[PDB]
Amino acid sequence: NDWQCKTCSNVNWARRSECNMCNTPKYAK
RNA sequence: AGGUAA
Ligand SMILES: [Zn+2]
């Protein structure tokens with residue numbers, strides 16, 4: 001369930017609700 | 001839990 005950030009392409013651990021690197025929320029699309 | 005290698 002890891003997820004890729006639309007904004008910076010970082011692959012975020014499933015448990016994160018915001019990107020680890022750029023802080024963009026998972027729902028921000 | 002675990003972060004840059006994904
Ligand atoms: Zn990001």
Side-chain angles (χ1 to χ4, degrees), chain A residues 1-5 7-28:
Chain A
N1 284 122
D2 286 5
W3 59 274
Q4 188 166 34
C5 176
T7 291
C8 75
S9 304
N10 194 52
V11 182
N12 292 300
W13 290 340
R15 64 187 173 84
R16 299 192 185 282
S17 42
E18 304 84 38
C19 179
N20 192 39
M21 287 184 77
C22 79
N23 216 39
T24 296
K26 184 175 173 187
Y27 53 73

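These values consider heavy atoms only, across backbone and side chains, with no hydrogens, waters or symmetry-generated copies. Order of the sequence lines sets the chain letters (A, B, ...), proteins ahead of strands, with each chain counted from 1.
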So do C5(A) and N12(A) actually touch side chain to side chain, heavy atoms under 4.5 Å? yes
The reported gap from CG in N10(A) to CG in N23(A) (rounded to nearest 0.5 angstrom) is 11.5 Å
Provide the closest heavy-atom pair for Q4(A) versus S9(A) in the form atom of the first, atom of the second, distance. NE2-O, 3.1 Å
From the 5' end of RNA chain B to its 3' end, which nucleotides mark the outer limits of contact with chain A, defined by a 4.0 Å heavy-atom distance cut-off (strictly under)? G2(B) to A6(B)
Search all heavy atoms of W3(A) against all heavy atoms of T24(A) and return the closest pair with its distance. CH2-O, 4.0 Å
Minimal heavy-atom distance between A14(A) and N1(A), with the atoms involved, is CB-O, 3.2 Å
